[PDB]
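In: experimental structure and its sequence below.
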Amino acid sequence: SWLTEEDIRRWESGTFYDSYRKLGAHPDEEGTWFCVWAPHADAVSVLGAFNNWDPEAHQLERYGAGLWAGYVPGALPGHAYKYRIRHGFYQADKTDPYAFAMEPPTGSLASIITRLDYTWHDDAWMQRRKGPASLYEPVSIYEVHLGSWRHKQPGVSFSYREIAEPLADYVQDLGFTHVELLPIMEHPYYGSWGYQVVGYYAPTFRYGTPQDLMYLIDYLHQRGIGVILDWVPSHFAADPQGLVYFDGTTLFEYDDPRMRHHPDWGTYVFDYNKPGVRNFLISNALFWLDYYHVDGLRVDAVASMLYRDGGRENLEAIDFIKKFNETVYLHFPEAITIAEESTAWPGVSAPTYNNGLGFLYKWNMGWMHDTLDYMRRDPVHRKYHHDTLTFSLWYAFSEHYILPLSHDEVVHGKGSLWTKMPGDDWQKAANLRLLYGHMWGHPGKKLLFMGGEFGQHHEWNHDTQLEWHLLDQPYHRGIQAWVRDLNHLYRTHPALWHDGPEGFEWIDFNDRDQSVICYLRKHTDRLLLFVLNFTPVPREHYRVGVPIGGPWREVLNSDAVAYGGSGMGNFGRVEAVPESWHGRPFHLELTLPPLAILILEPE
Amino acid sequence: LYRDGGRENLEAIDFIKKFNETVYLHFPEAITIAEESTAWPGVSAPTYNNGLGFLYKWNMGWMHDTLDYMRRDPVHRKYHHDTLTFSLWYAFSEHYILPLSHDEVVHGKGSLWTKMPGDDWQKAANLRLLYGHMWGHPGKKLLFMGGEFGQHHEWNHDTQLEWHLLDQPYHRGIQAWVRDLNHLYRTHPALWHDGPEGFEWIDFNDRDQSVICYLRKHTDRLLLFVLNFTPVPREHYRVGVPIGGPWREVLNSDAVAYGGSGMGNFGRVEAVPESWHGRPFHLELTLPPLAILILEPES
Amino acid sequence: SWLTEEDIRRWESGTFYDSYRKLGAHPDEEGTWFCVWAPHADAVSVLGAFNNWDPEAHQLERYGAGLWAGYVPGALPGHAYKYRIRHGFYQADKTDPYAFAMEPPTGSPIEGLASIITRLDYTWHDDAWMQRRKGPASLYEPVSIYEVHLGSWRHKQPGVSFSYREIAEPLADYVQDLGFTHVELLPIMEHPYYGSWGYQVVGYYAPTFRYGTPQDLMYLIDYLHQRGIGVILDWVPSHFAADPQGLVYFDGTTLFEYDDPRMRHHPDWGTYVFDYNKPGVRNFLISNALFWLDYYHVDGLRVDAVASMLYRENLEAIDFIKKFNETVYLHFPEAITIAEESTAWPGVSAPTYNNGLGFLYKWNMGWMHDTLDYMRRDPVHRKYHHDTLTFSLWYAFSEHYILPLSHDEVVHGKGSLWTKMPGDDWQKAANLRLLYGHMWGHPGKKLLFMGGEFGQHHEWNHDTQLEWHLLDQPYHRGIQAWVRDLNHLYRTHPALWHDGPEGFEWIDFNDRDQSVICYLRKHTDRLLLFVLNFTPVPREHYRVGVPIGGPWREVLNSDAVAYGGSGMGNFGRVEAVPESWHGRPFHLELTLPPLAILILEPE
């Protein structure tokens, strides 16, 4: 026995979330054990150099629940293999779904017997990770495709170990708390960015071995940065050598023909009704959280799982999503789960016991759409569209949200964030500085995709690296400085940490003509005041009500020339005039620079 | 609000706000309620929060969904369980008044009674069940004329309500059920607070048997709601509870006084200290057909 | 060798429309030739009992155009075979796309279908039929199609269908008794899932094993021809079946499916659409159309879900469709092509040189939807939807249409045709006869699916035989008798043969309250008058204008007792009255029976 009679009983239930240890390829000192799930197969064999690639020499023997196991003496680490499964008349060669390492034979993929031995250097980090408590702390996420970020030479990506020290510094210099990694799991078409997955249990070869990635996380953890992984339980890759019709029949697929056709992915969706699929998917969740200590998982296209598009909603997926999150937090109390759901499915970020999906965070795609839609327009146009801006807060507390500017918004002709912004180059730079300033002020956590911080003109290209030649140009350097300052203010002031309705107060929302909004962020005693000038006309003697009187400080000036503005600043310690304005006992009479944001803190 | 620049009529939006501001200034204890079937936000919120300034909003979402679920035959209610349970994701967006009105009983939409499926006893049971849920659900209560007897025809203004129906048992019974429902509402402060603190889920996944349990609490006070939306009675049904000890059922929709089958829990229901639905103790109860059970711990 | 230089030249062009002459398995008395198209394969071999299923015994040789060929001595008819294709690291067993017969070696209900070496030799005796057969000219001849699922039609024993031979005599006898001109058979091409009804095809060149050998099917068609019945085949070029050894990823890469990742996503099928850009796909598909018309003497081909082909606009699909029809009628001038297109795509039934798709016929689904919708209503309410009935004539001449009642319309809870009609059993049968009466009177050819002719209660269940036991009851034998007499009228009276606008005249449409319709069907001197009462209330002294005066006879009355009706009618001769009505010189004063159609002829 490789497999306990109990382990099979757990498989029948779909309650083995440690299935990785039983399944896949496991080296011992004299050979390796192979274990594959192929219930509707008549025979399963492992073929490799260790047996001259002959099906007969090593054939796996079925145990309970369509689970095949066998030992091959002489099977060694670094060996390539493939499973040859026979479904009656026909035979086919397959990859190991639980392969912990895949390397292409061409060098342009074959499962490799691998050992995941690694000794960690992040003990200190894990003890301090916030998880659910992170809701009351700042999260500022830097989204990255490792291949696109930095290059050694054109068309040559950075390795896992190599990128760590350059990336960790850049992330630290800007004060981000976490990096969200576009899917690292093995995928054939690099142009997919990782979203069509073949090796759910294998990190991509292009950046190194499993150990190379483990260290990258080790380093990022030691340097105080969190790592969030993008996860694709919604669908599986099209290529046949992979998961498609694995046992010769539908396996990860829906057995029934009606359910299998689906929008976006057809016959490539996971059958969450099957217990084996749930084992496979939920085990992978912990596998990444366990063997690689990942801090978070971000689930994309949650709407595609929830709906089928009798009940239109897919309950199998809905309970799977709920039990996925339930398992994560029971096994890892400080893990972090994020969902992107482009529907108003309620309680995505809500606990399962309240009928929620159980994520900690939901991408605020409403905010993103509204915000981008508002600022795409001309400032003269903005006064008509001003309500779009202010009404963002009517939806800002429905869920635990992360305000998100993502890679997808910077592709497919939508234009770089820079490109979207209106006017001349100075006004465009101001508008992006205003955008990010307002985004850090808006309640909710923050995520920015690569290149937004230096305002790169080009749309994100995976075959290229971001335009660092722009870091030299002044406006781009100023936008980088502005983002770093906002993160520093975010890291320090607790008023921005509490994204609850308690944490936000409106000061003024009705300057519809000059497109100005004043609002407040409070936690307990501490206060921060936000004045946003969304039109290029500067305003002097503009009065803004305040709760508290006394000396007020200008904590940040979007137009401070250090960011590339006209340099127009109050440049003074403001004193609250005890004459009421905006229904407040006091008011500040301030100067609003063009397309600029002032953040004011009491002294 | 909408004429359909933008679609919004800001004239009207400022008029509505200045309307509410003026009323509450001159009459601080007046009440303004709005019916808005768009999802315009913060209708019940103060103007200084960018709201329209009404104190109350009719919960048209609750009614449409709730009515749609009640109309479906109980055999099918299995498949629309998410419709009933999901109403509470929206029950706290505004200060809400759950409303059943003349508009729902006109122009061929049918009497509330007519809206209910099944045989005659079942129509009264379903109609009694709905009102139980309307009172248990968070939010204030509004019911239009004739629904309290469960009158048969749509509201006809050129004529009188069907008062003769008050002699038949099923209809005098729904009137009795509403009377006691209002009495429970008036006396128990657990129902006065329509905020999220005032509501707790007990269990929502009995989707095959179409059973729903929720709690309405203010401080010490608790009220337990168990709803059987199928004509099958359920026996030895366990329902988690926060506190143990003696519990009594203060209301049973299926009581004979209302025209019901007469099953229920007569004797003291004592909590069993075994965890259920993630709760420390549990009650093993009998759920009557198409009935709502309201339970209070004993003091 | 096996492939001449001309054969490879045509295949590269996309012009090899007889490709079965060379592709697939071709037996010789000593051995069998094998030829399979797999351009992206590094190795391909034939496996069979004839070589101990050893892959290295017979590796086919790469010729040009990605074509592989090889000869195997000792491979004989009835031997089972499989292709073993190696795509770099991975190998897979695949079926022959050009298989001339497939069989489950297992005999099991769920089983792999294995390609079997087959000889297609057969001597035909359908001389008279094919020399007098008329395709495109059938536009001016009566076409009445009986749509059939061979397994579902009649059972020889419970759960056992009839052979191609065993069904031959019973089916021909039944169709002749009811007077249909053609039978349309749901796809007989080899399909894995019996529940697919044949629309998921694996062996396009192989008749399904369930009903016998190829020669059995050729015999069935031969027999039907001698009996004077035409055979229309359902053909599925829109999509192929998802089976792992089938056409999916044939050479290890995309072959029959679109190479591009994006234009693979398809709402109806996706991933399994044919890439009409490829000359090889065009070869495979267009040859198959000709293959059935040639080797199986088929009279017609009906393509379903054409809307799934035209849109993704797919110019390549449309040019495929156009070159399909052009090529068909080029090789078989008396063939028939029918299309069902669920969009209002114009000119389906139009010739290619007029910018049409080139089919001879289009299914009139507009007619089907409206009529059923109108008759689903109770006679009390039909008063308010009168335009739904009459307005069908605004659309009756846009194409050469076949009014269609199909299996699609009597399954998946849509209800049997009997079930669809309102009222008590007498009224449902009365209404069904009226619907059949109107469908035969309305312009266009006629199609009726099995079980509608007796008005079967239950929805069509493919696992069972039609409820023939219902033929004992009076209503059901009557509806069947009514259909027979309608078909007798159709075949003899040429007024119904011309579905052109010349062939139809309105007599009255404004009787909305009483829900009555009078329309006229004419060819030259010949006339047919139609009076329809869609309410169970009979109307007496109803005047109906007529073009010609004089004696009129009532040739058919749906309400005759022989059909299961009340027995009201206009006894024998009717004499036109020289007083004007409906803008006509004469009129007949008639008695209109309940829910009945009268068909009247001048004497």
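Out: Right, received. Where do you want to start? Residues are numbered from 1 along each chain as shown, chains lettered A, B, ... in the order given.
In: rest of the way, CA atoms for contacts and neighbours
Out: Noted.
In: pretty sure residue B:72 contacts residue B:117?
Out: Yes. Contact between residue B:72 and residue B:117 holds when scored by Cα atoms under 8 Å: they sit 7.0 Å apart.
In: for the closest residue to residue A:547 other than its chain neighbours, which residues are in contact?
Out: Excluding the flanking residues, the one nearest residue A:547 by Cα to Cα, 6 or more residues apart in numbering or on different chains is residue A:584, at 5.6 Å. By Cα atoms under 8 Å, 6 or more residues apart in numbering or on different chains, residue A:584 lies in contact with A:545-547.
In: write down the beta-bridge partners of residue A:584, one by one.
Out: The partner list for residue A:584 in beta bridges (DSSP bridges) reads residue A:581.
In: and whichever helix or strand residue A:599 is part of, how far from the chain's centre?
Out: Here residue A:599, judged by DSSP states H and E, is contained in strand A:597-602. Taking Cα atoms, centre = their mean, to the nearest Å, one finds strand A:597-602 lying 30 Å from the centre of the chain it belongs to.
In: and it, what does it pack onto?
Out: On a contact count with 3 or more Cα pairs under 8 Å, 6 or more residues apart in numbering or on different chains; DSSP states H and E, strand A:597-602 meets helix A:425-441, strand A:526-533, strand A:551-557.
In: now tabulate these in TSV and tack on mean neighbour count and distance to residue B:44.
Out: Formatted as TSV, the helices and strands packed on strand A:597-602 follow (neighbours: other Cα atoms under 10 Å in any protein chain shown; distance: least, Cα to Cα, whole Å):
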stretch	mean neighbour count	distance to residue B:44
helix A:425-441	23	26
strand A:526-533	22	26
strand A:551-557	19	34
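In: will you turn those into JSON lines that also has distance to chain B?
Out: Conversion of the helices and strands packed on strand A:597-602 to JSON lines gives the following (distance: least, Cα to the nearest Cα, whole Å):
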{"stretch": "helix A:425-441", "distance to chain B": "18"}
{"stretch": "strand A:526-533", "distance to chain B": "16"}
{"stretch": "strand A:551-557", "distance to chain B": "24"}
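In: closest to chain C out of those?
Out: Nearest of the helices and strands packed on strand A:597-602 to chain C, taken as Cα to the nearest Cα: helix A:425-441 at 32.6 Å.
In: how far off strand A:597-602 does that closest one point, in degrees?
Out: 40 degrees (axes from the mean of the first three to the mean of the last three Cα atoms, to 10 degrees).
In: from the contacts of residue A:584, list just the buried residues.
Out: The neighbour count (16 or more other Cα atoms under 10 Å in any protein chain shown) marks A:545-546 as buried among these.
In: with secondary structure as added columns, please give the contacts of residue A:584 in a markdown table.
Out: Output for these, formatted as a markdown table (DSSP: H, G, I helix; E, B strand; the rest coil):
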| residue | secondary structure |
| --- | --- |
| A:545 | strand |
| A:546 | strand |
| A:547 | coil |
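In: ok, so of the contacts of residue A:584, who is nearest residue C:541?
Out: Minimum separation from residue C:541 among the contacts of residue A:584 (Cα to Cα) is found for residue A:545, which lies at 88.3 Å.
In: strand partners of the strand holding residue A:599, parallel vs antiparallel please.
Out: strand A:526-533 (antiparallel), strand A:551-557 (antiparallel).
In: can I get the CA coordinates of the longest helix that chain B contains in CSV?
Out: Determined from DSSP state H, the single longest helix within chain B is helix B:169-187. Once side chains and other backbone atoms are set aside, the C-alpha atoms of helix B:169-187 remain, and they are given as CSV (Å, rounded to 0.1, in the frame of the first residue of the first chain):
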residue,chain,number,x,y,z
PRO,B,169,-63.7,30.1,8.6
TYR,B,170,-60.6,30.4,6.4
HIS,B,171,-61.1,34.2,6.0
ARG,B,172,-62.1,35.1,9.6
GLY,B,173,-59.0,33.0,10.5
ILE,B,174,-56.5,35.0,8.4
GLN,B,175,-58.0,38.2,10.0
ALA,B,176,-57.3,36.6,13.4
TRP,B,177,-53.7,35.7,12.3
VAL,B,178,-53.0,39.3,11.3
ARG,B,179,-54.5,40.6,14.5
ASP,B,180,-52.1,38.5,16.6
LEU,B,181,-49.2,39.3,14.3
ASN,B,182,-49.8,43.0,14.9
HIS,B,183,-50.0,42.3,18.6
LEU,B,184,-46.7,40.5,18.6
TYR,B,185,-45.2,43.3,16.6
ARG,B,186,-46.5,46.0,19.0
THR,B,187,-45.2,44.2,22.2
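In: tell me what it is packed against?
Out: Other elements packing on helix B:169-187 under the criterion 3+ Cα pairs under 8 Å, 6+ apart are helix B:120-136.
In: give me the neighbour count for the closest residue to chain B within the stretch 201-350 of chain A.
Out: When distances are taken as Cα to the nearest Cα, the stretch 201-350 of chain A reaches nearest to chain B at residue A:310, 5.6 Å away. Around residue A:310 there are 7 other residues, counting by other Cα atoms under 10 Å in any protein chain shown.
In: what's the distance between it and residue B:228?
Out: Separation of residue A:310 from residue B:228 (Cα to Cα, to the nearest Å): 20 Å.
In: mind checking the SS state of the nearest residue to residue A:50 once chain neighbours are set aside?
Out: The spatially closest residue to residue A:50, leaving aside those adjacent along the chain, is residue A:75, at 5.4 Å (Cα to Cα, 6+ apart). Here residue A:75 takes the coil state, with states given by three-state DSSP.
In: so residue A:75 touches residue A:32, yeah?
Out: Yes. The pair residue A:75 and residue A:32 qualifies as a contact (Cα under 8 Å) at a distance of 5.3 Å.
In: which of those two has more residues huddled nearby?
Out: The residue with more neighbours, out of residue A:75 and residue A:32 and counting by other Cα under 10 Å, is residue A:75; that gives 25 against 20.
In: list the contacts for residue A:132?
Out: When contacts are taken as Cα under 8 Å, 6+ apart, residue A:132 is in contact with A:333-336, A:360.
In: adding secondary structure, neighbour count and distance to chain B, write the residues you listed out as JSON lines.
Out: Formatted as JSON lines, the entries for the contacts of residue A:132 read as follows, by DSSP: H, G, I helix; E, B strand; the rest coil; neighbours: other Cα atoms under 10 Å in any protein chain shown; distance: Cα to the nearest Cα, whole Å:
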{"residue": "A:333", "secondary structure": "coil", "neighbour count": "13", "distance to chain B": "18"}
{"residue": "A:334", "secondary structure": "coil", "neighbour count": "20", "distance to chain B": "21"}
{"residue": "A:335", "secondary structure": "coil", "neighbour count": "24", "distance to chain B": "22"}
{"residue": "A:336", "secondary structure": "strand", "neighbour count": "25", "distance to chain B": "23"}
{"residue": "A:360", "secondary structure": "coil", "neighbour count": "24", "distance to chain B": "17"}
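In: what about the strands in the stretch 51-200 of chain A?
Out: Assigned by DSSP state E, counting those that start in this stretch, the strands in the stretch 51-200 of chain A fall at A:59-62, A:67-73, A:80-87, A:90-94, A:102-103, A:110-112, A:140-144, A:151-153, A:156-157, A:178-181, A:185-186, A:199-203.
In: near chain B, which residues of the stretch 451-600 of chain A?
Out: By Cα under 8 Å from any Cα of the partner chain, the part of the stretch 451-600 of chain A that sits against chain B consists of A:506, A:509.
In: what is the burial count for the one residue in the stretch 451-600 of chain A that gets nearest to chain C?
Out: Per Cα to the nearest Cα, residue A:462 is where the stretch 451-600 of chain A lies closest to chain C, at 16.8 Å. Residues within reach of residue A:462, counting by other Cα under 10 Å, total 17.
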